[PDB]
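Here's structure.cif, which has mmCIF, N, CA, C and O atoms:
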data_upload
loop_
_atom_site.label_atom_id
_atom_site.label_comp_id
_atom_site.auth_asym_id
_atom_site.auth_seq_id
_atom_site.Cartn_x
_atom_site.Cartn_y
_atom_site.Cartn_z
N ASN A 973 76.43 122.57 144.13
CA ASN A 973 76.91 121.40 144.86
C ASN A 973 76.01 121.06 146.03
O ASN A 973 75.96 119.91 146.46
N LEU A 974 75.28 122.05 146.56
CA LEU A 974 74.30 121.79 147.59
C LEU A 974 73.13 120.99 147.05
O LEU A 974 72.46 120.27 147.81
N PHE A 975 72.86 121.08 145.75
CA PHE A 975 71.69 120.45 145.16
C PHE A 975 72.07 119.15 144.46
O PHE A 975 71.32 118.69 143.59
N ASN A 976 73.22 118.59 144.82
CA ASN A 976 73.81 117.39 144.23
C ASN A 976 74.03 117.54 142.73
O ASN A 976 73.75 116.63 141.95
N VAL A 977 74.54 118.70 142.31
CA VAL A 977 74.95 118.93 140.94
C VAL A 977 76.38 119.47 140.97
O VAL A 977 76.63 120.52 141.56
N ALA A 978 77.31 118.74 140.37
CA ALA A 978 78.68 119.20 140.26
C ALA A 978 78.92 119.73 138.86
O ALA A 978 78.28 119.27 137.90
N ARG A 979 79.82 120.69 138.73
CA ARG A 979 80.12 121.28 137.44
C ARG A 979 81.48 120.82 136.95
O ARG A 979 82.26 120.22 137.69
N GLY A 980 81.76 121.10 135.68
CA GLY A 980 83.08 120.82 135.15
C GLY A 980 83.21 119.39 134.67
O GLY A 980 82.51 118.49 135.10
N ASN A 981 84.16 119.19 133.76
CA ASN A 981 84.31 117.89 133.13
C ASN A 981 84.97 116.89 134.07
O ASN A 981 85.56 117.25 135.09
N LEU A 982 84.86 115.62 133.70
CA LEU A 982 85.19 114.49 134.56
C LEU A 982 86.38 113.74 133.99
O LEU A 982 86.35 113.29 132.84
N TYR A 983 87.44 113.60 134.79
CA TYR A 983 88.58 112.80 134.38
C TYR A 983 88.39 111.36 134.80
O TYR A 983 87.65 111.05 135.74
N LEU A 984 89.08 110.46 134.11
CA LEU A 984 89.01 109.03 134.42
C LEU A 984 90.38 108.37 134.41
O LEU A 984 90.50 107.26 133.90
N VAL A 985 91.41 109.01 134.95
CA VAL A 985 92.72 108.36 134.96
C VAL A 985 92.72 107.27 136.02
O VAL A 985 91.90 107.27 136.94
N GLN A 986 93.62 106.31 135.87
CA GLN A 986 93.77 105.27 136.88
C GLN A 986 94.86 105.71 137.84
O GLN A 986 96.03 105.81 137.46
N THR A 987 94.48 105.96 139.09
CA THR A 987 95.42 106.48 140.07
C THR A 987 95.40 105.55 141.28
O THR A 987 94.67 105.77 142.24
N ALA A 988 96.22 104.51 141.21
CA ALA A 988 96.37 103.60 142.34
C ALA A 988 97.14 104.30 143.44
O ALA A 988 98.29 104.72 143.24
N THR A 989 96.52 104.44 144.61
CA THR A 989 97.13 105.20 145.68
C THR A 989 96.84 104.53 147.01
O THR A 989 96.10 103.54 147.09
N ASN A 990 97.43 105.09 148.06
CA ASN A 990 97.19 104.67 149.42
C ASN A 990 96.97 105.94 150.24
O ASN A 990 96.60 105.92 151.40
N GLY A 991 97.19 107.08 149.59
CA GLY A 991 97.17 108.35 150.28
C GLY A 991 95.78 108.93 150.35
O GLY A 991 94.78 108.22 150.20
N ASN A 992 95.73 110.23 150.62
CA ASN A 992 94.47 110.94 150.68
C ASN A 992 93.84 111.02 149.31
O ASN A 992 94.53 111.02 148.28
N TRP A 993 92.52 111.08 149.28
CA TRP A 993 91.77 111.16 148.04
C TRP A 993 90.55 112.02 148.30
O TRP A 993 89.95 111.95 149.38
N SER A 994 90.22 112.87 147.33
CA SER A 994 89.06 113.74 147.43
C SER A 994 88.72 114.14 146.02
O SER A 994 89.24 115.14 145.50
N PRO A 995 87.88 113.36 145.34
CA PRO A 995 87.60 113.63 143.93
C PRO A 995 86.83 114.90 143.69
O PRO A 995 86.89 115.44 142.59
N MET A 996 86.12 115.38 144.70
CA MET A 996 85.34 116.60 144.55
C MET A 996 86.23 117.82 144.39
O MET A 996 86.06 118.59 143.44
N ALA A 997 87.19 118.00 145.29
CA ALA A 997 88.11 119.14 145.24
C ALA A 997 89.53 118.63 145.10
O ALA A 997 90.24 118.47 146.11
N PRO A 998 89.99 118.34 143.89
CA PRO A 998 91.35 117.83 143.72
C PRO A 998 92.38 118.92 143.94
O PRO A 998 92.32 119.99 143.33
N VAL A 999 93.32 118.66 144.84
CA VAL A 999 94.37 119.63 145.10
C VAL A 999 95.42 119.57 144.01
O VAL A 999 96.02 120.59 143.65
N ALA A 1000 95.65 118.38 143.46
CA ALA A 1000 96.65 118.19 142.43
C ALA A 1000 96.20 118.82 141.11
O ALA A 1000 95.09 119.32 140.98
N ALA A 1001 97.14 118.85 140.17
CA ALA A 1001 96.89 119.39 138.85
C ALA A 1001 96.05 118.43 138.03
O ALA A 1001 96.03 117.23 138.30
N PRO A 1002 95.34 118.96 137.02
CA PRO A 1002 94.52 118.13 136.13
C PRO A 1002 95.43 117.26 135.28
O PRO A 1002 96.54 117.66 134.95
N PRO A 1003 94.94 116.07 134.88
CA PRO A 1003 95.78 115.18 134.08
C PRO A 1003 96.18 115.86 132.79
O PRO A 1003 97.31 115.72 132.33
N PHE A 1004 95.24 116.60 132.19
CA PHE A 1004 95.53 117.32 130.96
C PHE A 1004 94.36 118.26 130.69
O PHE A 1004 93.28 118.09 131.24
N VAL A 1005 94.60 119.23 129.82
CA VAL A 1005 93.57 120.18 129.46
C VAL A 1005 92.94 119.69 128.16
O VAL A 1005 93.39 118.68 127.60
N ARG A 1006 91.88 120.35 127.68
CA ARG A 1006 91.16 119.86 126.51
C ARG A 1006 91.97 120.02 125.23
O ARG A 1006 91.88 119.19 124.32
N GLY A 1007 92.77 121.08 125.14
CA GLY A 1007 93.54 121.31 123.93
C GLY A 1007 95.04 121.28 124.17
O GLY A 1007 95.78 122.09 123.62
N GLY A 1008 95.49 120.33 124.99
CA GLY A 1008 96.88 120.28 125.38
C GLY A 1008 97.76 119.59 124.36
O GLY A 1008 97.36 119.32 123.23
N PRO A 1009 99.00 119.30 124.75
CA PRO A 1009 99.91 118.58 123.86
C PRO A 1009 99.59 117.09 123.87
O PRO A 1009 99.33 116.51 124.92
N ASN A 1010 99.57 116.50 122.67
CA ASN A 1010 99.40 115.06 122.44
C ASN A 1010 98.07 114.55 122.98
O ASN A 1010 97.94 113.40 123.40
N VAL A 1011 97.06 115.42 122.99
CA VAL A 1011 95.71 115.06 123.37
C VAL A 1011 94.91 114.96 122.08
O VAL A 1011 95.34 115.47 121.04
N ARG A 1012 93.77 114.27 122.12
CA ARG A 1012 93.00 114.00 120.92
C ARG A 1012 91.53 113.86 121.25
O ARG A 1012 91.16 113.11 122.16
N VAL A 1013 90.70 114.59 120.52
CA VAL A 1013 89.27 114.55 120.75
C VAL A 1013 88.64 113.45 119.91
O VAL A 1013 88.85 113.37 118.69
N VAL A 1014 87.88 112.58 120.55
CA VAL A 1014 87.30 111.42 119.88
C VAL A 1014 86.08 111.90 119.12
O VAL A 1014 85.18 112.54 119.68
N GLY A 1015 86.06 111.60 117.82
CA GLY A 1015 85.24 111.87 116.65
C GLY A 1015 83.88 112.45 116.93
O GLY A 1015 83.73 113.57 117.42
N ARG A 1016 82.86 111.68 116.58
CA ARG A 1016 81.49 112.14 116.71
C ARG A 1016 80.61 110.96 117.07
O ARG A 1016 79.58 111.11 117.73
N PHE A 1017 81.03 109.77 116.65
CA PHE A 1017 80.30 108.55 116.91
C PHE A 1017 80.98 107.67 117.94
O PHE A 1017 80.37 106.71 118.41
N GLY A 1018 82.23 107.96 118.29
CA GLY A 1018 82.97 107.09 119.17
C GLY A 1018 83.38 105.80 118.51
O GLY A 1018 83.39 104.75 119.17
N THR A 1019 83.72 105.84 117.24
CA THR A 1019 83.88 104.63 116.46
C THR A 1019 85.26 104.02 116.67
O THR A 1019 86.27 104.64 116.38
N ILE A 1020 85.29 102.81 117.18
CA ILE A 1020 86.54 102.06 117.21
C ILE A 1020 86.76 101.51 115.81
O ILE A 1020 85.81 101.32 115.04
N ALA B 341 64.66 104.10 112.44
CA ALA B 341 66.10 104.09 112.25
C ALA B 341 66.41 103.82 110.79
O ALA B 341 67.50 104.13 110.31
N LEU B 342 65.45 103.24 110.08
CA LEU B 342 65.61 102.87 108.68
C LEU B 342 65.27 104.01 107.73
O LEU B 342 65.72 104.02 106.58
N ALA B 343 64.48 104.99 108.19
CA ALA B 343 64.20 106.15 107.35
C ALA B 343 65.17 107.30 107.59
O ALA B 343 65.17 108.26 106.81
N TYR B 344 65.98 107.24 108.62
CA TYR B 344 66.95 108.29 108.87
C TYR B 344 68.34 107.68 109.01
O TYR B 344 68.75 107.35 110.13
N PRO B 345 69.09 107.52 107.92
CA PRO B 345 70.41 106.90 108.01
C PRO B 345 71.45 107.73 108.73
O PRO B 345 72.46 107.21 109.20
N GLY B 346 71.21 109.04 108.85
CA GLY B 346 72.14 109.88 109.58
C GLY B 346 72.01 109.80 111.08
O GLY B 346 72.80 110.42 111.80
N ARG B 347 71.04 109.03 111.57
CA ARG B 347 70.74 108.95 112.99
C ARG B 347 71.29 107.69 113.64
O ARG B 347 71.02 107.44 114.82
N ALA B 348 72.04 106.88 112.91
CA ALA B 348 72.45 105.59 113.44
C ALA B 348 73.63 105.73 114.39
O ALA B 348 74.56 106.50 114.16
N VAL B 349 73.57 104.96 115.47
CA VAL B 349 74.71 104.78 116.36
C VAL B 349 75.71 103.91 115.62
O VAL B 349 75.37 102.83 115.13
N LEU B 350 76.94 104.37 115.53
CA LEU B 350 77.94 103.65 114.76
C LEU B 350 78.97 103.04 115.71
O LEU B 350 79.84 103.76 116.20
N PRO B 351 78.91 101.75 115.97
CA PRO B 351 79.85 101.14 116.92
C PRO B 351 81.25 101.04 116.35
O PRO B 351 82.09 101.89 116.62
N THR B 352 81.52 100.00 115.57
CA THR B 352 82.85 99.83 115.01
C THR B 352 82.87 100.29 113.56
O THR B 352 81.83 100.45 112.92
N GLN B 353 84.08 100.49 113.02
CA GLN B 353 84.24 101.01 111.66
C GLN B 353 83.88 99.92 110.66
O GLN B 353 84.72 99.24 110.07
N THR B 354 82.58 99.74 110.48
CA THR B 354 82.10 98.83 109.47
C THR B 354 82.19 99.48 108.10
O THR B 354 82.43 100.68 107.98
N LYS B 355 82.01 98.66 107.06
CA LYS B 355 81.98 99.20 105.71
C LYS B 355 80.75 100.07 105.47
O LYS B 355 80.80 100.97 104.63
N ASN B 356 79.66 99.81 106.19
CA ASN B 356 78.58 100.77 106.28
C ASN B 356 79.03 102.03 106.99
O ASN B 356 78.75 103.15 106.53
N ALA B 357 79.73 101.87 108.11
CA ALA B 357 79.99 102.98 109.02
C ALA B 357 80.98 103.99 108.48
O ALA B 357 80.97 105.13 108.95
N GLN B 358 81.82 103.63 107.52
CA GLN B 358 82.75 104.58 106.94
C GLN B 358 82.12 105.40 105.84
O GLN B 358 82.79 106.26 105.25
N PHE B 359 80.86 105.15 105.52
CA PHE B 359 80.03 106.03 104.72
C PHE B 359 79.06 106.83 105.57
O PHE B 359 78.84 108.01 105.30
N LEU B 360 78.48 106.20 106.60
CA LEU B 360 77.57 106.91 107.49
C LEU B 360 78.31 107.90 108.37
O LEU B 360 77.70 108.82 108.92
N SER B 361 79.63 107.74 108.53
CA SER B 361 80.39 108.71 109.30
C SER B 361 80.55 110.03 108.56
O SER B 361 80.88 111.04 109.19
N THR B 362 80.33 110.04 107.25
CA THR B 362 80.35 111.27 106.49
C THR B 362 78.98 111.91 106.38
O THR B 362 78.80 112.81 105.55
N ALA B 363 78.00 111.48 107.17
CA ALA B 363 76.67 112.05 107.10
C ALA B 363 76.63 113.39 107.82
O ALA B 363 77.02 113.48 108.98
N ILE B 364 76.17 114.42 107.12
CA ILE B 364 76.02 115.75 107.70
C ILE B 364 74.87 115.70 108.70
O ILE B 364 73.89 114.98 108.49
N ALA B 365 74.98 116.45 109.79
CA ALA B 365 74.10 116.27 110.94
C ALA B 365 72.91 117.21 110.97
O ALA B 365 72.22 117.27 111.99
N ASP B 366 72.64 117.95 109.90
CA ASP B 366 71.46 118.80 109.86
C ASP B 366 70.63 118.51 108.62
O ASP B 366 69.81 119.32 108.19
N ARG B 367 70.85 117.34 108.02
CA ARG B 367 70.08 116.90 106.86
C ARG B 367 69.17 115.77 107.32
O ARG B 367 69.20 114.65 106.82
N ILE B 368 68.34 116.08 108.32
CA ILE B 368 67.50 115.07 108.95
C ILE B 368 66.28 115.77 109.51
O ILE B 368 66.36 116.89 110.02
N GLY B 369 65.12 115.14 109.36
CA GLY B 369 63.95 115.66 110.03
C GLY B 369 63.31 116.78 109.24
O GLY B 369 63.57 116.97 108.05
N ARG B 370 62.45 117.53 109.92
CA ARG B 370 61.73 118.61 109.28
C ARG B 370 62.67 119.78 109.05
O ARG B 370 63.73 119.87 109.66
N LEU B 371 62.28 120.67 108.14
CA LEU B 371 63.12 121.80 107.80
C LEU B 371 62.43 123.11 108.17
O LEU B 371 62.88 123.82 109.06
N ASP B 372 61.34 123.43 107.48
CA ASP B 372 60.59 124.65 107.73
C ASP B 372 59.11 124.39 107.53
O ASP B 372 58.60 124.48 106.41
N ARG B 373 58.42 124.06 108.62
CA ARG B 373 56.98 123.89 108.58
C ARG B 373 56.30 125.24 108.40
O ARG B 373 56.67 126.23 109.03
N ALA B 374 55.31 125.28 107.52
CA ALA B 374 54.64 126.53 107.13
C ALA B 374 53.18 126.48 107.58
O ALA B 374 52.28 126.32 106.75
N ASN B 375 52.95 126.64 108.88
CA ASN B 375 51.61 126.65 109.42
C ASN B 375 51.07 128.07 109.46
O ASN B 375 51.77 129.01 109.84
N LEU B 376 49.81 128.23 109.05
CA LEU B 376 49.15 129.53 109.07
C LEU B 376 48.51 129.81 110.42
O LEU B 376 49.05 130.59 111.21
N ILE B 377 47.37 129.19 110.69
CA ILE B 377 46.59 129.43 111.90
C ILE B 377 47.30 128.80 113.08
O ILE B 377 47.66 127.62 113.04
N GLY B 378 47.49 129.58 114.14
CA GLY B 378 48.17 129.07 115.32
C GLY B 378 47.24 128.22 116.16
O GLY B 378 46.24 128.72 116.70
N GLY B 379 47.57 126.94 116.30
CA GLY B 379 46.74 125.99 117.01
C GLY B 379 46.10 124.96 116.12
O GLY B 379 45.87 123.83 116.56
N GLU B 380 45.80 125.32 114.88
CA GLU B 380 45.28 124.37 113.91
C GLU B 380 46.43 123.60 113.27
O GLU B 380 47.60 123.94 113.43
N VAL B 381 46.06 122.54 112.55
CA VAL B 381 47.04 121.67 111.91
C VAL B 381 47.76 122.43 110.79
O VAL B 381 47.22 123.38 110.21
N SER B 382 49.01 122.06 110.55
CA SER B 382 49.85 122.80 109.62
C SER B 382 49.41 122.58 108.18
O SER B 382 48.63 121.68 107.87
N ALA B 383 49.95 123.41 107.30
CA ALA B 383 49.63 123.30 105.88
C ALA B 383 50.49 122.24 105.21
O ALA B 383 50.02 121.14 104.91
N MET B 384 51.75 122.56 104.97
CA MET B 384 52.69 121.59 104.43
C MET B 384 54.01 121.75 105.16
O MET B 384 54.37 122.86 105.58
N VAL B 385 54.72 120.64 105.33
CA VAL B 385 55.99 120.64 106.04
C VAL B 385 57.05 120.03 105.14
O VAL B 385 56.90 118.92 104.63
N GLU B 386 58.12 120.79 104.92
CA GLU B 386 59.26 120.35 104.12
C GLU B 386 60.16 119.56 105.05
O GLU B 386 60.58 120.08 106.09
N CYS B 387 60.47 118.33 104.69
CA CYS B 387 61.31 117.48 105.51
C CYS B 387 62.26 116.68 104.64
O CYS B 387 61.97 116.40 103.48
N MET B 388 63.40 116.31 105.22
CA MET B 388 64.38 115.46 104.55
C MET B 388 64.34 114.09 105.21
O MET B 388 64.47 113.99 106.43
N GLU B 389 64.16 113.06 104.40
CA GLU B 389 64.19 111.69 104.89
C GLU B 389 64.52 110.79 103.72
O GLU B 389 64.80 111.26 102.62
#
Just give me the structure of the file as structure tokens.
Amino acid sequence: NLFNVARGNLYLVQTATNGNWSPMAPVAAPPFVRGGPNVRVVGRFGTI
Amino acid sequence: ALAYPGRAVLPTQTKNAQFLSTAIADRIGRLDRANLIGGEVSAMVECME
């Protein structure tokens, strides 16, 4: 992180807020894990 | 892009794309080049295209 490299995967939920925000060190829980319930991994080509 | 059909970016599910989506991802490019002398040009190279 000193060398401007962050690790770990990136979430993109829409979180409209007015409160504190700190995307680097989120205090809250992750929106979901990679193999959670009702989650789905998008294919290989990203084909709509 | 025309000699390697397995390398295409597939945007939407076209009638082409529902066949190219079944393309195996290691049937592309060179396979096992058989060069003898290190530094000189190779002998023959087996490739899939």
Residues of chain A were defined as contacting chain B if any atom lay at most 8 Å from it, counting only N, CA, C and O atoms; please report them as a list in words. residues 1016, 1017, 1018, 1019 and 1020 of chain A
Output as a PyMOL selection string all residues of chain B that backbone DSSP marks as alpha helix (DSSP H). chain B and resi 357-360
Surrounding residues of residue 347 in chain B excluding itself and chain neighbours under 4 positions, 8 Å, only N, CA, C and O atoms, as a ChimeraX atom specification: /B:341,343,360,363-365,367-368
Which neighbours of residue 373 in chain B fall inside 8 Å, counting all atoms listed in the file, when residues of the same chain fewer than 5 positions from it are skipped, and could you give them as a PyMOL selection string? chain B and resi 382-387
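In this structure, atom O of residue 991 in chain A sits 24.5 Å away from atom N of residue 976 in chain A.
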Would you mind reading off the distance between CA of residue 374 in chain B and CA of residue 342 in chain B, one decimal, in Å? 26.1 Å
Calculate how many Å separate atom C of residue 974 in chain A from atom O of residue 1002 in chain A, rounding to one decimal.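 Separating atom C of residue 974 in chain A from atom O of residue 1002 in chain A is a distance of 26.6 Å.
Every residue that the PyMOL selection byres ((chain A and resi 977-986) around 8) selects in this file is listed here: residues 973, 974, 975, 976, 987, 988, 989, 995, 996, 1003 and 1004 of chain A.
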Picked from chain B by DSSP as strand (DSSP E or B), as a VMD selection string: chain B and resid 369 to 374 378 380 384 to 388
Kindly save the residues from that selection, with N, CA, C and O atoms included, as a CSV table (one decimal), in the coordinates of the input.
chain,number,residue,atom,x,y,z
B,369,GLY,N,65.1,115.1,109.4
B,369,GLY,CA,64.0,115.7,110.0
B,369,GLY,C,63.3,116.8,109.2
B,369,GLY,O,63.6,117.0,108.0
B,370,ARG,N,62.4,117.5,109.9
B,370,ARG,CA,61.7,118.6,109.3
B,370,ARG,C,62.7,119.8,109.0
B,370,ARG,O,63.7,119.9,109.7
B,371,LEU,N,62.3,120.7,108.1
B,371,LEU,CA,63.1,121.8,107.8
B,371,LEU,C,62.4,123.1,108.2
B,371,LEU,O,62.9,123.8,109.1
B,372,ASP,N,61.3,123.4,107.5
B,372,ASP,CA,60.6,124.6,107.7
B,372,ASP,C,59.1,124.4,107.5
B,372,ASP,O,58.6,124.5,106.4
B,373,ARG,N,58.4,124.1,108.6
B,373,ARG,CA,57.0,123.9,108.6
B,373,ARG,C,56.3,125.2,108.4
B,373,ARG,O,56.7,126.2,109.0
B,374,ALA,N,55.3,125.3,107.5
B,374,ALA,CA,54.6,126.5,107.1
B,374,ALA,C,53.2,126.5,107.6
B,374,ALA,O,52.3,126.3,106.8
B,378,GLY,N,47.5,129.6,114.1
B,378,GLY,CA,48.2,129.1,115.3
B,378,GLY,C,47.2,128.2,116.2
B,378,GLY,O,46.2,128.7,116.7
B,380,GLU,N,45.8,125.3,114.9
B,380,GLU,CA,45.3,124.4,113.9
B,380,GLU,C,46.4,123.6,113.3
B,380,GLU,O,47.6,123.9,113.4
B,384,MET,N,51.8,122.6,105.0
B,384,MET,CA,52.7,121.6,104.4
B,384,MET,C,54.0,121.8,105.2
B,384,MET,O,54.4,122.9,105.6
B,385,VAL,N,54.7,120.6,105.3
B,385,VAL,CA,56.0,120.6,106.0
B,385,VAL,C,57.0,120.0,105.1
B,385,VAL,O,56.9,118.9,104.6
B,386,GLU,N,58.1,120.8,104.9
B,386,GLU,CA,59.3,120.4,104.1
B,386,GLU,C,60.2,119.6,105.0
B,386,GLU,O,60.6,120.1,106.1
B,387,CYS,N,60.5,118.3,104.7
B,387,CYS,CA,61.3,117.5,105.5
B,387,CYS,C,62.3,116.7,104.6
B,387,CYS,O,62.0,116.4,103.5
B,388,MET,N,63.4,116.3,105.2
B,388,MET,CA,64.4,115.5,104.6
B,388,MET,C,64.3,114.1,105.2
B,388,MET,O,64.5,114.0,106.4
